[PDB]
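Have a look at the structure below before the remarks.
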Amino acid sequence: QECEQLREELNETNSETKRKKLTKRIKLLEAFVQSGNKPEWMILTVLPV
DNA sequence: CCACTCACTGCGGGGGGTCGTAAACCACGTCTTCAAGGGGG
């Protein structure tokens, strides 16, 4: 849903800096979607030794 | 309104008193095999 909203307002917006920021954000979101990693795994609950 | 910096950041060259357990044994002992010797040049 975040990707959908970002795509819509990217198609809507006219400012170029917003376009660059949102294309970076969309790249990150699609990377998470395709890779399979979960976002919450960046917070550690088990620490290896 | 988005232009146009500029400050910013990151990158290379202290007392005592009890308790339980893997150490920590000195007696414990009887077993082994230490065996004195035995005969066939």
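Below, read A as the first sequence line, B as the second, and so on, with proteins coming before strands; counting in each chain starts at 1. Every heavy atom of this structure was used, including side-chain atoms; hydrogens, water molecules and symmetry mates were not.
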Say you pick atom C1' in B:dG29 and the same atom in B:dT33; how far apart are they, in whole Å? 16 Å
Gap in Å between the two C1' atoms, one belonging to B:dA24 and one to B:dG20, rounded: 15 Å
Looking at residues at least two apart in the chain, or sitting in another chain, which of them share a side-chain hydrogen bond (donor to acceptor under 3.5 Å, both in side chains) with [X]?
X       : result
A:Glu2  : A:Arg25
A:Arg19 : none
A:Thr23 : A:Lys27

Categorise the sugar of [N] by the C1'-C2'-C3'-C4' dihedral sign as either north or south.
N      : result
B:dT5  : south
B:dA36 : north
B:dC11 : north
B:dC31 : north
B:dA23 : south

Do any side-chain atoms of residues 4-14 of chain A form donor-acceptor pairs under 3.5 angstrom with protein atoms, and if so which ones, sequence neighbours left out?
| residue | atom | partner | partner atom | Å |
| --- | --- | --- | --- | --- |
| A:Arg7 | NH1 | A:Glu30 | OE2 | 3.0 |
| A:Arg7 | NH2 | A:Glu30 | OE2 | 3.2 |
| A:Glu9 | OE2 | A:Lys18 | NZ | 2.7 |

List, one per line, each side-chain donor-acceptor pair under 3.5 Å for residues 37-49 of chain A, sequence neighbours excluded.
| residue | atom | partner | partner atom | Å |
| --- | --- | --- | --- | --- |
| A:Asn37 | ND2 | A:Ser35 | OG | 3.3 |

I need the A:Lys24 NZ to A:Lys20 NZ distance, nearest 0.5 Å. 9.0 Å
Which residues in residues 11-21 of chain A have at least one heavy atom lying under 4.0 Å from any atom of DNA chain B? A:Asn14, A:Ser15
